[PDB]
Every structure is written in C-alpha cells, then in structure tokens.
C-alpha cells in the first residue's frame, strides 16, 4: 500500500521537532517472529530530501555482532525513480543506522545519508535525512520500505519488523517496496512573513 507524505523541513538532532507532531505515525506490523520489540516512524519531504523519524521500543540494545543487520538497527529503502525493477538499479537505496548512530550502506552513496539517534528509556529514536537527486514535486511517487532489526543479548538478530515486505527480499528486490506519495507543498512559496 501507500503512505502520503507531508511537506516540511525538520532539524536533524534526534529531538522531535514541533512539526513532526502534525504528521501521523506509521506502524510496521510484519513481524518475522514474536518479540516485545515494536516501532513506529513518521515521514516528511522537502525540496532536497526525504526525512524519517523512527522510535523503537526494545528493552535490550545490542550491537556486538560485526554484521550490521545483526545489531539493533533500522533500515530505509528507496526506489527514487519508481522503476519497481526486480533487482537493484543504480538509483535504488538501502541504508541502515544502529541505535549508536553507526551508519551502513548496502546500496547508494552514504554521503546522501545524515542521521542522529537518541537513547530513550526502553528504546531509541532515529532521525534521518536522505538527500534526493530527482527534484520531488507534489504527486511524486517513490518506492519505500522501512525495517527494524531486533537483536538480543546473544549478539544476534532474532527478529525483523517490516512496513511493506513480508518475504525477506526487499534487500534484493525493489518491486517489493511499498509506495510513498509526496503532497502538501504550497505553489506560491511564502511572501513577507509579517512581524
């Protein structure tokens, strides 16, 4: 299915901008296995970028495994041109950041990826910017996926949570991503914001 993304320009600092409160939480509900770990994320776009704000409830944080996706982490997938190819094109993106803000790319220039995290009681927050290369406009559709890796005290991934793909294959297959449609940018810009 499809998430409608509002226009707006958050500050990347791991803090919840006022403007995030005007936008709805998306709840990923596709669990590989049962787990106490849950998550929610909000999206926003501006002329230059896509923005993700993710909160994970996860009582045990682990990143001791040297395999990135075997650490408690979130992953963001983007099919920017909306090709929906069955294998990764050169505009496809697959990014990951752990609760300590350690970033990895599986596909795409990591110079486009800017993140902050914050430890919360019972979990963590990720706040992420992805620089877009196609100038987005109202009505732009992109393919998107969101994933949480849940690791336990044995230093190994024990579960995944996905928004859209239930088949383990988003890392290989962009056609599996869901859809985001960008809306809400004014046609006139601003004028004089009066004092």
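Numbering follows the first chain given and starts at 1.
Per the compared records, residue 192 is unresolved in at least a third of the other entries whose models span it.
Mean C-alpha B-factor is higher over 32 to 40 than over the other stretch, the pair under comparison being 122 to 130 and 32 to 40. Averaged over Cα atoms, the B-factor as recorded in the entry is higher for 181 to 189 than for the other of 181 to 189 and 9 to 17. For the set 26, 149, 153, 48, the maximum C-alpha B-factor listed in the entry falls on 153.
Among the modelled residues of its chain, residue 109 has a C-alpha B-factor that falls in the middle third, as given in the PDB entry. Residue 102 sits in the middle third of its chain by CA B factor, as recorded in the PDB entry. Residue 69 sits in the middle third of its chain by CA B factor, as recorded in the PDB entry. For residue 94, the recorded CA temperature factor ranks within the middle third of the chain's modelled residues.
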